[PDB]
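All of this is worked out from the model, or read from it or from the source named; these are not laboratory values. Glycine gets a Cβ as well: all are built from the backbone with ideal geometry, and neighbour counts include every protein chain shown.
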Amino acid sequence: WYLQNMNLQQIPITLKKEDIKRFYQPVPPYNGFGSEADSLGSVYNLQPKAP
Amino acid sequence: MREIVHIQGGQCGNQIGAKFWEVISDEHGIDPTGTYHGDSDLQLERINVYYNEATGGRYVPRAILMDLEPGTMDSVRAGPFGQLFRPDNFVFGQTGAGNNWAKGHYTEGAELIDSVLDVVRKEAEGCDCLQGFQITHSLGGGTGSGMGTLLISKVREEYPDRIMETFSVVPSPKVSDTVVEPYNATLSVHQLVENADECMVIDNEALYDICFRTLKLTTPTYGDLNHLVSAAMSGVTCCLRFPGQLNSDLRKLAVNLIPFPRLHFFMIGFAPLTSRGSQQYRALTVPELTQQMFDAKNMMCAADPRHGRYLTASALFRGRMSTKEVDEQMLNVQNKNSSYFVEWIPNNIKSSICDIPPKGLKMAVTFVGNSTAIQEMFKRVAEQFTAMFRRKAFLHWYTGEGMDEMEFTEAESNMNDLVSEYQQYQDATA
Ligand SMILES: Nc1nc2c(ncn2[C@@H]2O[C@H](COP(=O)(O)OP(=O)(O)O)[C@@H](O)[C@H]2O)c(=O)[nH]1
């Protein structure tokens, strides 16, 4: 309607959206026990399963 | 000064030494070609304890490897840090003992031990000041249980004033990989109790239990067991190689941990150990170290330490810490667990502190405890022995190679007397 009647195209305007903060937790270093794949199960889940 | 040599025999002894030397090499910062690449100056001041200097600046362990079969040594030649061993020390047989104590102790072992005794004598004469010997074996194998204990006897006959340590893997019925475990175990213990200045038992059941519940790792392996054993082994001798507030050598431990000369059987423990998941979650403090130290489950043996009373205890701390906190924590624990400590000998806990922590850890703890709770392993081993001996089972091999059942009867009587006299002091009161 603005295009034909008013000879004016209406350009919609964007908006800033909500951005949530997220925290990062690093993998602990290798102590020297067992193996990487087997030992990472403990930090991956409470109940460890075979790699 | 006051250095010792390493002597390993049998598959178990060779494989234990294989990663004991690896842990020592990692601690001292030596490359697999023998070139030192460490960072601290303290890493070289006491390197002569375990390493001999050679031309070109390299170092070689004073390790002597023996077996009646060459396969285990040809395999340890393949493992990491296996190129540090001096080739002449490898002594191997051509037949094998077949898990037979008689074969490993009477006919083939007696003939073979001449060369290894020659090289051991050479090593003992070469060193500047001899402190003692450490010998690692398992009681589940015939060649080990015979040849190792016969060499213990021969070395004791020639060096009565030196100290002897034995790293004994006893066969428990839960991890039973052999049916002739208790014949060999009893026959080895009968000779070992007479000659070994110190013995400390290690149980594979305890190793696997530790691996599943403490570390919470799904797939325990021989490597993990050997690494735990090697860490416990190095925890004892760390203070002799590194400075500390209160140095305590193996002779001082022998003085302070053995009240009677026939009571020299120990169980040990190492702290801290945790899963990767709880490594950042946990905090390293003296109270946490001592509570994980004195936990009954943390022991390196399947024996329950709350089923008896501790005769004595020894502690080796690694890391920089205040001595007052350590003393007050030990006093608090000894007051809170008075029911589990014998009453007629007060202050039965020894403390030692070293200022050099292990690589990768800020604090470390080694526990060695002489308690009456070790009687259960001997009782069950003797029960299995008398069960298998009452019907003369599998004795044809043993009787066909020079030894008789009178020796079996004497060994059983001596072991039963040892158990009885070990439990006698448990009920003693002042
Ligand atoms: N820590 C550890 N113990 C082992 C390993 N392999 C076998 N054992 C233990 O050694 C004992 C058997 O010793 P054996 O091989 O018969 O000794 P040998 O006859 O002298 O070779 C058993 O009780 C096993 O639990 C290993 O790779 N690591």
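Residue check, B:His105 against (1) touching a residue at least 40 places away in the same chain (Cβ under 8 Å); (2) part of a helix (DSSP H, G or I); (3) over 15 Å from B:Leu187 (Cβ atoms), all met but one. Which one?
Among (1) touching a residue at least 40 places away in the same chain (Cβ under 8 Å); (2) part of a helix (DSSP H, G or I); (3) over 15 Å from B:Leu187 (Cβ atoms), the lone unmet condition for B:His105 is (3).
Would you say B:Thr72 is farther than 26 Å from B:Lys362 by Cβ and in a helix (DSSP H, G or I)?
yes
Going through B:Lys350, B:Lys392 one at a time, which residue ends up being charged (D, E, K, R) and crowded, with 19+ Cβ neighbours inside 10 Å?
Result of the check over B:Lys350, B:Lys392: B:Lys350.
Quick check on segment B:116-159: of everything there that is hydroxyl-bearing (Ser, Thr, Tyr) and within 16 Å of the ligand (Cβ to nearest atom), which residue is farthest from B:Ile4 (Cα to Cα)?
That would be B:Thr143.
Looking at segment B:303-315, which of its residues are closer than 15 Å to B:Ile210 by Cα and surrounded by 21 or more Cβ atoms within 10 Å (Cβ to Cβ)?
Matches in segment B:303-315: B:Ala303 only.
Only one residue in B:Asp327, B:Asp417 is surrounded by fewer than 16 Cβ atoms within 10 Å (Cβ to Cβ), assigned to a helix (DSSP H, G or I), without any contact (Cβ under 8 Å) to a residue 40 or more places away in the chain and touching a strand residue (DSSP E or B) at 6+ places or on another chain (Cβ under 8 Å), so which one is that?
From the options B:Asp327, B:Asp417, the qualifying one is B:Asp327.
Is it true that B:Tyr59 is over 13 Å from B:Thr143 (Cβ atoms), surrounded by 11 or more Cβ atoms within 10 Å (Cβ to Cβ), away from the ligand (no atom under 16 Å from the Cβ) and without any contact (Cβ under 8 Å) to a residue 24 or more places away in the chain?
no
Residue by residue, here is whether (1) within 16 Å of the ligand (Cβ to nearest atom); (2) touching a residue at least 12 places away in the same chain (Cβ under 8 Å); (3) in the same structural domain as B:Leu228 (by CATH) holds:
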{"site": "B:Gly10", "(1), (2), (3)": "yes, yes, yes"}
{"site": "B:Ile16", "(1), (2), (3)": "yes, yes, yes"}
{"site": "B:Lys19", "(1), (2), (3)": "yes, yes, yes"}
{"site": "B:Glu22", "(1), (2), (3)": "yes, yes, yes"}
{"site": "B:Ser25", "(1), (2), (3)": "no, yes, yes"}
{"site": "B:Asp31", "(1), (2), (3)": "no, no, yes"}
{"site": "B:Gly34", "(1), (2), (3)": "no, yes, yes"}
{"site": "B:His37", "(1), (2), (3)": "no, no, yes"}
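Please go through segment A:26-42 and give me each residue that is on the phi > 0 side of the Ramachandran plot and more than 7 Å from chain B (Cβ to nearest Cβ), ordered by number.
Matches in segment A:26-42: none.
Tell me, please, whether a residue that is among the charged types (D, E, K, R) and closer than 19 Å to B:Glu205 by Cβ can be found in segment B:113-120.
no
I'd like the residue in segment B:214-251 that is away from the ligand (no atom under 15 Å from the Cβ) and free of Cβ contacts under 8 Å to residues at least 60 places away in the same chain and, out of all such residues, is farthest from B:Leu44 (Cα to Cα).
So the residue we want is B:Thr218.
Take the residues of segment B:276-297 that are part of a loop (DSSP other than H, G, I, E, B) and within 14 Å of chain A (Cβ to nearest Cβ): which is surrounded by the fewest Cβ atoms within 10 Å (Cβ to Cβ)?
Applying the filter and picking the extreme gives B:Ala283.
Which residue, of A:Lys17, A:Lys49, is more than 8 Å from every other protein chain (Cβ to nearest Cβ) and either surrounded by 10 or more Cβ atoms within 10 Å (Cβ to Cβ) or not hydroxyl-bearing (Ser, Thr, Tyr) (or both)?
A:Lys17
List, please: which pairs have Cβ atoms under 6 Å, are six or more places apart or on different chains, and start with a residue in segment B:399-411 that is assigned by CATH to the domain that holds B:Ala110 and end with one that is among the aliphatic types (A, V, I, L, M)?
Once the first residue is assigned by CATH to the domain that holds B:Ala110 and sits in segment B:399-411, no partner that is among the aliphatic types (A, V, I, L, M) comes close enough.
Just for segment B:204-252: of the residues that are charged (D, E, K, R) and under 22 Å from A:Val43 (Cβ atoms), which one is farthest from the other protein chains (Cβ to nearest Cβ)?
B:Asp209
Here are the criteria: (1) part of a helix (DSSP H, G or I); (2) of a type outside the set (S, T, N, Q); (3) surrounded by fewer than 10 Cβ atoms within 10 Å (Cβ to Cβ). Tell me which single one A:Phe23 does not satisfy.
So the condition that A:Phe23 fails would be (1).
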